[PDB]
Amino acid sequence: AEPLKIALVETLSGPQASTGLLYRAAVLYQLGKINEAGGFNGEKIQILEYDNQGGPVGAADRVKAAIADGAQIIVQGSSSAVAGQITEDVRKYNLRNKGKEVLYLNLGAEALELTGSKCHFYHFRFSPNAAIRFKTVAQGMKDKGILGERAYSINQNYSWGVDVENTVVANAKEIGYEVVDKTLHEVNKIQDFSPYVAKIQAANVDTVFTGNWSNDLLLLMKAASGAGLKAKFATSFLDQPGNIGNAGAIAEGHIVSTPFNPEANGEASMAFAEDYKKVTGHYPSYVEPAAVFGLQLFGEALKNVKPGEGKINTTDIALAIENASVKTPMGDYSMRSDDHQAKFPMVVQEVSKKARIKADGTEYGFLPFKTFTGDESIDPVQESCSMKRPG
């Protein structure tokens, strides 16, 4: 029997690896569950890791290496810049290798194009995207009555941040805020966000929308704390470890929308949080839930692949993913065939002392206040989406 070989292409060492290492934790957790069950096709699934230290250029090299090593599946999620490269390299490889196609399981690169203009049959996205993140965070705040009329948008100047800004601007009229001012800044370079916080203060806003992550959110929060910023951030990634500690005195009341919260789905969500901590050493947050839940859907697909003569057929796996549905600790998870955007609930959460699971050893954690169903959460199929069917 051919074993299934899955390549994780991520930032896996060094000072920029905090997000990539959480992808590693989530991937090892869930592929670990599949392997505890026996793997796939009568063999353990092999997990081949490729430490990418070189951004998109590095990724192209690592994808070539992974495929040469026999990987039939590539997994990645920490950067949409990297994902843009991976998805195109996989698409082009597949055109040249009919019958030997490689799958790209995108567990967290959230830029719109991956299920829009760059959509293709062998890419699947298991995470939110900019539209899902920012519609849900704003609508949730509106439903709760904590969305003021004035907003600022601050994002990183690459595909992801541009998509967040465009989404926040596009939703302003219907949801009901004015984007008073907005900023795109250099990515992962700014060490002092004080001047940006000053600009936000000048705008006299109630909400600051941002898709920032890593230092671009950690240091932004720190600068906001030092300035005593009154506005609350409405985010996709505030529950990355470290942000609430950096928030210090201004921690209360900031907002995030994510696919998960330990208290959002009763005993099921909490049992998952506890099991994940038992295995990894920490409660799941930030990039981890989408990666786990996506790999749960993937595992369900694998169960539904028809027994063959021992060979692994990635087209059959792809069709099984399209057809699969699984009950995750947060509820139903499935895959939209048109664009390969996964359908799943979203939970909007506030930083509060009332949260059962605390963040960063503080008195505060993320407390859920609104859950949108899968139907309420998933974005419309993008106008730019076209997908070729087999084949």
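One rule holds for the numbers: they count along the sequence shown, beginning at 1.
> Using only C-alpha atoms and the B-factors in the entry, which stretch averages higher, 264-272 or 92-100?
Averaging CA B-factors over each stretch, the winner is 92-100.
> Averaging the C-alpha B factors as listed in the entry, name the stretch that ends up higher: 282-290 or 168-176.
Mean C-alpha B-factor is greater for 168-176.
> What's the residue among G32, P345, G38, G54 with the greatest CA temperature factor in the PDB record?
Largest recorded C-alpha B-factor: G54.
> Maximum C-alpha temperature factor per the entry, among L319, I312, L297, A109, belongs to which one?
If I rank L319, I312, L297, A109 by C-alpha B-factor, first place goes to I312.
> Test of reading the entry: by CA B factor among the chain's modelled residues, which third contains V27?
As the PDB entry reports it, the C-alpha B-factor of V27 lands in the lowest third of its chain.
> Place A7 in the lowest, middle or highest third of its chain's C-alpha B-factors, as listed in the PDB entry.
Its C-alpha B-factor belongs to the lowest third of this chain's values.
> Considering only modelled residues of the same chain, in which third does the CA B-factor of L48 rank: lowest, middle or highest?
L48: CA B-factor falls in the middle third of its chain.
> What third of its chain, lowest, middle or highest, does the C-alpha temperature factor of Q16 fall into?
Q16: CA B-factor falls in the highest third of its chain.
> Could you tell me which third, lowest, middle or highest, the C-alpha B-factor of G228 occupies within its chain?
Its C-alpha B-factor, which the entry lists for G228, ranks in the highest third among residues of this chain.
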